[PDB]
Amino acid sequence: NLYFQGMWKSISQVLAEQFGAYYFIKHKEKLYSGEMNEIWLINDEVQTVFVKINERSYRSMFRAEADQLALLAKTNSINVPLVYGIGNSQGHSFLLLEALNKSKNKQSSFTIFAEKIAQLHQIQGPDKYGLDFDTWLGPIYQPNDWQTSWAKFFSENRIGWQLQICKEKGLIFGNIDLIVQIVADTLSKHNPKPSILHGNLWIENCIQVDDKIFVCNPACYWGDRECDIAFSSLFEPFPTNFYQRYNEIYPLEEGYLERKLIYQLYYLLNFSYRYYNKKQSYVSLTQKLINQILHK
């Protein structure tokens, strides 16, 4: 595997610049992933590194992921893994992160996490929705061109965008314009304070590390804080104390339950696209949810 050897050399080089001394790789282990990316753990007998790998052209995505972890770390709110760097080789690109030690879950760690998620959403920034660069949610990038209207931004850059991607794979749920317009009507009078979103907030991206929860795989943008909350309760939800404490610090506004459905629809379309060949319950839930929004 000639190109694979070049890849390890480039990783050693990026790690050398980072730590100051050259990084001699002594052990390497490939972890399982359903995802597009290959995942590895490597170490030099002292420092362990978590490595995401893909083809060379994915360097831009890995760059975006690193910039998100950086901007999230700078808010001094949620716990995110450190970035050691990005890079590429002849046939691969990669992201290099802190290897977090996963310990047994503590329900109480979610009370503190809700305080950090709250703090994150309370940060005042721009008066428009989006971000300076396009972020990714699974294998699809999210258009983040700035918009003053949330109705428009979510309707087209989220729902419409994902519906089109699904259509290309043959996942057809209904007339796309109709769905976009219905979602736009619901958000018609809703232009909330833009909040910096983790963007991929659900249980599988949380990791218990000693007494704190860390969160990974961001899909950031400035949007409605409710999208984060909505997604976290879609599948296996966070425990009860999270929602209790979050609502106590930053009370959710009137209209939340109606909006929760269209916010959740975005993730189901994404999941449907990513896993139609494997799970199959994602399509069924998406179709049922679309019928509710469209018929009733």
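Start at 1 and count along the sequence shown; that's the residue number.
Looking at mean Cα B-factors across 279-287 and 8-16, the upper value is held by 279-287. In this entry, 101-109 has the higher mean Cα B-factor, the comparison being between 192-200 and 101-109. As recorded in the PDB entry, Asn37 shows the highest C-alpha B-factor of the residues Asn43, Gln68, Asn37, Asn241. The deposited CA B-factor of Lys28 belongs to the highest third of values across its chain. Compared with the other modelled residues of the chain, the Cα B-factor recorded for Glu254 ranks in the highest third. Annotation for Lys212: C-alpha temperature factor in the highest third relative to the rest of the modelled chain, per the entry. Per-chain ranking of the deposited C-alpha B factor places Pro143 in the lowest third. Residue-level temperature factors show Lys128 in the highest third of its chain, judged at the C-alpha atom.
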